[PDB]
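Just the one chain here, the form solved without the ligand, laid out as structure tokens.
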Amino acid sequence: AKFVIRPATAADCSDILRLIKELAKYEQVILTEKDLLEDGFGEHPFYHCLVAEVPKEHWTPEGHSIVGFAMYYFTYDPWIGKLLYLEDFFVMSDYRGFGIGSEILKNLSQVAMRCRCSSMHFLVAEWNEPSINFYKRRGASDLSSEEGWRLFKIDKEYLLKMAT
């Protein structure tokens, strides 16, 4: 259960897609490996990922070495500027309890310090009390509820109508 945390490289795309699908089980993953490569390793990456890698004696049954990841990117708020935005954070069930999640959060926090980011933002489902409390124990606050902010989206078919 030796593991190392490191940035993902282009060579890790199939593993990232595999983990995203694992994460979906806790939902229609349409992203492809091709998407992960072009969106993550071009001149202007749309996301960054830290992955957890284990040696062979602990590879998964399918024979894989990447057992966890955190996908994040930098955002901005006009009030304070730069923020680190944590999009997803997942460690395979059989690899939890060994310190992988804690080291990932530590490294994400160090990256935030390097960035001079003022805060780390992320979404939590309102009903997921266990997760809410996990983050509250780390100093989190529910900005949506405290300040009265709701998240909205406008999907592709509408953007197309407006664009044409």
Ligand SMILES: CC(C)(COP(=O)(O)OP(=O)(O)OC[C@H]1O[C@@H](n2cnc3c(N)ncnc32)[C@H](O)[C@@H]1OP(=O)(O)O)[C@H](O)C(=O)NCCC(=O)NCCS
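From 1 onward, residues are counted along the sequence shown.
There is another form of the same protein, the form solved in complex with the ligand; it is not shown, and what comes next is about it.
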query	finding
All of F90, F134 and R137 within 4.5 Å of the ligand in the deposited bound form, heavy atom check	yes
Stretch from 58-66, 38-46, 110-118, 123-131 whose residues place a heavy atom within 4.5 Å of the ligand in the deposited bound form	123-131
Touches the ligand in the deposited bound form: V54 (any heavy atom, 4.5 Å)	no
Any non-hydrogen atom of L23 within 4.5 angstroms of the ligand in the deposited bound form	yes
Partner proximity in the deposited bound form: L50 to the ligand, non-hydrogen atom cutoff 4.5 Å	no
Heavy atom of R96 within 4.5 Å of the ligand in the deposited bound form	yes
